[PDB]
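Single-structure report; data block below.
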Ligand SMILES: *[C@@H]1O[C@H](CO)[C@@H](O[C@@H]2O[C@H](CO)[C@@H](O[C@H]3O[C@H](CO[C@H]4O[C@H](CO)[C@@H](O)[C@H](O)[C@@H]4O)[C@@H](O)[C@H](O[C@H]4O[C@H](CO)[C@@H](O)[C@H](O)[C@@H]4O)[C@@H]3O)[C@H](O)[C@H]2NC(C)=O)[C@H](O)[C@H]1NC(C)=O
Ligand SMILES: *[C@@H]1O[C@H](CO)[C@@H](O[C@@H]2O[C@H](CO)[C@@H](O[C@H]3O[C@H](CO[C@H]4O[C@H](CO)[C@@H](O)[C@H](O)[C@@H]4O)[C@@H](O)[C@H](O[C@H]4O[C@H](CO)[C@@H](O)[C@H](O)[C@@H]4O)[C@@H]3O)[C@H](O)[C@H]2NC(C)=O)[C@H](O)[C@H]1NC(C)=O
Ligand SMILES: *[C@@H]1O[C@H](CO)[C@@H](O[C@@H]2O[C@H](CO)[C@@H](O[C@H]3O[C@H](CO)[C@@H](O)[C@H](O)[C@@H]3O)[C@H](O)[C@H]2NC(C)=O)[C@H](O)[C@H]1NC(C)=O
Ligand SMILES: *[C@@H]1O[C@H](CO)[C@@H](O[C@@H]2O[C@H](CO)[C@@H](O)[C@H](O)[C@H]2NC(C)=O)[C@H](O)[C@H]1NC(C)=O
Ligand SMILES: *[C@@H]1O[C@H](CO)[C@@H](O[C@@H]2O[C@H](CO)[C@@H](O)[C@H](O)[C@H]2NC(C)=O)[C@H](O)[C@H]1NC(C)=O
Ligand SMILES: *[C@@H]1O[C@H](CO)[C@@H](O)[C@H](O)[C@H]1NC(C)=O
């Protein structure tokens, strides 16, 4: 994807770490895989990692997500061979400024 | 001037003025030095190294692996349009871009022992190519690695392939690494491809207070 | 002015030993905690060269044999071990305070094995003689110690008038001096004699080394 | 590299003025102060002055304040010095030198040396005479050969043997003053077998008169 926009772009993607060679081969075919990602700055080659792990929400597999900021007029290049969790949507940074992430259990109060 | 701290230490061709500097009091670096990593890439723990410089007042540059000593590899073919010197496209002066001789790339096994009295700053690198084709065109062996060892270091670098946007005309990337080799200790490299080997390294001749100032200004003839 | 006075003026030291040249400043050259003294080396027949800055640290590409030392009013350049290519005049100069002032300078000489002068006598050129003058040249190459004594004899009788001597500096490579010794006459003054001699008296030979030639052969 | 190329040796009538130049190369002209040093023939070094290119600020010695004038051509990357109304006093060698940092700095890169000769005397081309050994005498294993340069002004001259390829047994002696002219001699030493078989030519050059001469050592015709 090439960032023909005028503003910075937040791109997300992921890799699947399966339970065993079986599931690897069940879902993807190729037993030895990789995900390569490149930008003007990024040089990532992710490799799925197999290991036997406790279930969490019923899954012993794991999902590992990554991200980068893709400058305007620059492109991001994926290549992959398996276990790729590909982007569909990404985020334009439309305006920048002061904010914060508050930790509170409360909800909106209709006030100012 | 227009060199960066990286540019200087690796010896970007455009930074030749700084090939061999006398003791200094502080370093001054512009916000965005034009002459930095002419060949695009990355400089590992670059900030941690800069931090080390904040405590050093003098380097004396020494040769630890002569360029001429590379018998079974081409050392003079290791050059790039991304690093023009004056027309004739060039490369970082302090490291060699080794490349296949005849059709082949023998396992390199080289080592330097620090017979000096002072700590030694050693630099080297790895080449990340565009594709298996370019990998095989320049080195031969398709599955490569660089291993480096000290009394403290246990590094095995492995080239990483990916399709990337051009920067200074190169879709390839160069990734440099470093270590401090204590006196009486040795560093052992081994590699089989994609190795960017040391030629020159830096003796930490004297240590003391200094800093890396960010200023656009130049020397004022004053005290 | 900070008058800089080096001592000694000339120093002859044996090969492989220690040369120790001193500097003395009229007032101190030493604030900010550092000494602003510099040592310079002038190998014969060429411009001076930078050895030591701020009295103690070697300039890049200078062998460790050079020991910069000192503080305040007096300093010292120590060359040890002394090598062959160290024949030079050494200068200390201060930067502590304009106007920049230098030392007198100290000339260093190497003591080596007494060598004997390779004498060789030459008759005047025919081309020169057609021009009207005679010139008897007599080289005395590669010797040590420096001191030598050339005598000219024309038909047994000595002569000084017309003589021009010229020594080279101690050679940086073998530590041996050389000497020219021309004797100029006019064609007619020349053609009124026969034998031209060149008696060199060295400490090497206890008897004078001679080389001569006769006019008509 | 840090090379400083300076002007060629010069001659000035007493009372006149000289302007020797020093051309900088290999570093940034505008980062360091350039200075001038005078050396009275084989004696002592004297500091003349300094100038910082980037803005042209000058710093002089008491002694030279009047007679000297440092100037700088920034586009030219060149430093100049000018000596006005000369005397025998100023006959000596002048070095264009780069000083490292400021008022408290060391002179790290010294130029060649422009050598100035102040005399009313006229420019005089030399005369070269070959020196073949006596017809009946031979120095044993090695034969000494020669070349004689007489009656020229002003200094200097360059003496070479076989256009320079012979650089071994060679001694070129310093010139001397004879009837207000300079005179010097050279001595090439080759193995007895090589001569007269080997072409031994003496190559002498005197810039000041645009003269270049060659003399071949012919054995004693007897
Ligand atoms: C993501 O998409 C972007 C837009 O789709 C890409 O941006 C584009 O970059 C390319 C180069 O990478 C630009 O292509 C050509 O640009 C100029 C065209 O003229 C321009 O430059 C002049 C000065 O040089 C200006 O005065 C003009 O007004 C104008 O802006 C040319 O110099 C080149 O064309 C020539 O060279 C190529 C060889 O590379 C030949 O193939 C051509 O035939 C020709 O001979 C440049 O190629 C392009 O202008 C630019 N797009 C825009 C809108 O500015 C971006 O590169 C891309 N990123 C990635 C990573 O893919
Ligand atoms: C980089 O090079 C350096 C210099 O070449 C290396 O430093 C050297 O380390 C080695 C050991 O690795 C030392 O070798 C021997 O040391 C002593 C020799 O005598 C010493 O001890 C005396 C007091 O006991 C001192 O007074 C002396 O001055 C001297 O220093 C011996 O004790 C050893 O011999 C025995 O041990 C070895 C096993 O290591 C056996 O193989 C022998 O047969 C024997 O049984 C050491 O061999 C050496 O002294 C030291 N160099 C210096 C100058 O001190 C450095 O190790 C090297 N680094 C790397 C990573 O290679
Ligand atoms: C470039 O690579 C070539 C392939 O590896 C290599 O060819 C080889 O050349 C050597 C000698 O130069 C040969 O060695 C043997 O050859 C014969 C036959 O066995 C014997 O007489 C010899 O003594 C020796 O044992 C190789 O056989 C030969 N290999 C091939 C496949 O032809 C070139 O030499 C390399 N080029 C350079 C300049 O080194
Ligand atoms: C913040 O507090 C002030 C004062 O407590 C509020 O101002 C009052 O506003 C009410 C109606 O909104 C008036 O009846 C009062 O007379 C005002 N008080 C004064 C002193 O002027 C203000 O509204 C509060 N702000 C918010 C956002 O709640
Ligand atoms: C620091 O400031 C002082 C005070 O102005 C400077 O020294 C004075 O001004 C000139 C400069 O040498 C002298 O003629 C005066 O006599 C000095 N007066 C005193 C009281 O010292 C000094 O030069 C400045 N230092 C620097 C490094 O710029
Ligand atoms: C210089 O000489 C001093 C005094 O003798 C000595 O202590 C010092 O070690 C010497 N410096 C070097 C670098 O050898």
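Run down C:56, C:26, C:47 and say which single residue is touching a strand residue (DSSP E or B) at 6+ places or on another chain (Cβ under 9 Å), in the same structural domain as residue C:2 (by CATH) and under 17 Å from residue C:3 (Cβ atoms).
Result of the check over C:56, C:26, C:47: C:26.
Name the residues in segment D:128-138 that are assigned to a loop (DSSP other than H, G, I, E, B) and more than 7 Å from chain C (Cβ to nearest Cβ), would you?
Correct list: D:132, D:138.
Identify, by number, the condition in (1) within 21 Å of the chain's Cα centre (by Cα); (2) within 10 Å of chain D (Cβ to nearest Cβ); (3) crowded, with 19+ Cβ neighbours inside 10 Å that residue C:44 doesn't meet.
(3)
Can you tell me which residue within segment B:164-203, out of those that are under 22 Å from residue B:16 (Cβ atoms) and within 14 Å of another protein chain (Cβ to nearest Cβ), is nearest to ligand 1 (Cβ to nearest atom)?
Filtering first and then ranking leaves B:169.
Each row is one residue, and each column tells you yes or no for (1) closer than 22 Å to residue B:2 by Cα; (2) crowded, with 19+ Cβ neighbours inside 10 Å; (3) away from ligand 3 (no atom under 16 Å from the Cβ); (4) more than 18 Å from the chain's Cα centre (by Cα).
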{"position": "B:164", "(1), (2), (3), (4)": "no, yes, yes, yes"}
{"position": "B:177", "(1), (2), (3), (4)": "no, yes, yes, no"}
{"position": "B:184", "(1), (2), (3), (4)": "no, no, yes, yes"}
{"position": "B:189", "(1), (2), (3), (4)": "no, yes, yes, no"}
{"position": "B:193", "(1), (2), (3), (4)": "no, yes, yes, no"}
{"position": "B:208", "(1), (2), (3), (4)": "no, no, yes, yes"}
{"position": "B:212", "(1), (2), (3), (4)": "yes, no, yes, yes"}
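So residue D:103 ticks every box in (1) farther than 23 Å from residue C:117 by Cα; (2) in contact (Cβ under 8 Å) with a residue 60 or more places away in the chain; (3) surrounded by 17 or more Cβ atoms within 10 Å (Cβ to Cβ) but one. Which box is left unticked?
For residue D:103, the exception is condition (2).
Taking segment D:129-152, which residues are touching a strand residue (DSSP E or B) at 6+ places or on another chain (Cβ under 6 Å), more than 16 Å from residue C:141 (Cβ to Cβ) and touching a residue at least 40 places away in the same chain (Cβ under 8 Å)?
Result: D:129, D:130, D:134, D:149, D:152.
Among what's in segment D:163-188 and is surrounded by fewer than 21 Cβ atoms within 10 Å (Cβ to Cβ) and in contact (Cβ under 8 Å) with a residue 40 or more places away in the chain, pick the residue that is farthest from the other protein chains (Cβ to nearest Cβ).
D:163
Would you confirm whether any residue within segment B:88-96 is more than 17 Å from the chain's Cα centre (by Cα) and either in a loop (DSSP other than H, G, I, E, B) or surrounded by 14 or more Cβ atoms within 10 Å (Cβ to Cβ) (or both)?
yes
Could you say which residue among B:93, B:156 is away from ligand 3 (no atom under 16 Å from the Cβ) and over 27 Å from residue B:3 (Cβ atoms)?
Result: B:156 is the single residue among B:93, B:156 that is away from ligand 3 (no atom under 16 Å from the Cβ) and over 27 Å from residue B:3 (Cβ atoms).
Any idea how many residues of segment B:136-163 are under 12 Å from residue B:195 (Cα atoms) and either without any contact (Cβ under 8 Å) to a residue 12 or more places away in the chain or in a helix (DSSP H, G or I) (or both)?
Total meeting the criteria: 2.
For residues in segment B:103-117 being surrounded by 14 or more Cβ atoms within 10 Å (Cβ to Cβ) and either within 14 Å of chain C (Cβ to nearest Cβ) or assigned to a strand (DSSP E or B) (or both), which is nearest to ligand 6 (Cβ to nearest atom)?
The selected residue is B:116.
Looking at the structure I just gave you, is residue B:195 in contact (Cβ under 8 Å) with a residue 40 or more places away in the chain, under 20 Å from residue B:75 (Cα atoms) and within 16 Å of ligand 2 (Cβ to nearest atom)?
no
Just checking, does segment C:165-174 include any residue being within 12 Å of chain D (Cβ to nearest Cβ), crowded, with 21+ Cβ neighbours inside 10 Å and closer than 22 Å to residue D:187 by Cα?
Within segment C:165-174, none of the residues are within 12 Å of chain D (Cβ to nearest Cβ), crowded, with 21+ Cβ neighbours inside 10 Å and closer than 22 Å to residue D:187 by Cα.
Which of the strands (runs of 3 or more DSSP E) found entirely inside segment A:1-80 contain at least 2 residues meeting this: away from ligand 2 (no atom under 16 Å from the Cβ), within 23 Å of residue B:132 (Cα to Cα) and at the interface with chain B (Cβ under 10 Å from one of its Cβ atoms)?
A:35-38, A:43-46, A:77-80
Do we have residue D:115 as over 20 Å from residue D:44 (Cα atoms) and either more than 13 Å from every other protein chain (Cβ to nearest Cβ) or buried (at least 18 other Cβ atoms within 10 Å of the Cβ) (or both) here?
The answer is no for residue D:115.
Taking the residues in segment B:118-135 that are within 21 Å of residue B:37 (Cα to Cα) and in a loop (DSSP other than H, G, I, E, B) as candidates, determine which candidate is farthest from ligand 6 (Cβ to nearest atom).
B:130
Basis: the model, the stated rules and, where named, an outside source; none is laboratory data. Here Cβ is always computed from backbone atoms with ideal geometry, including for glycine, and neighbour counts include all displayed protein chains.
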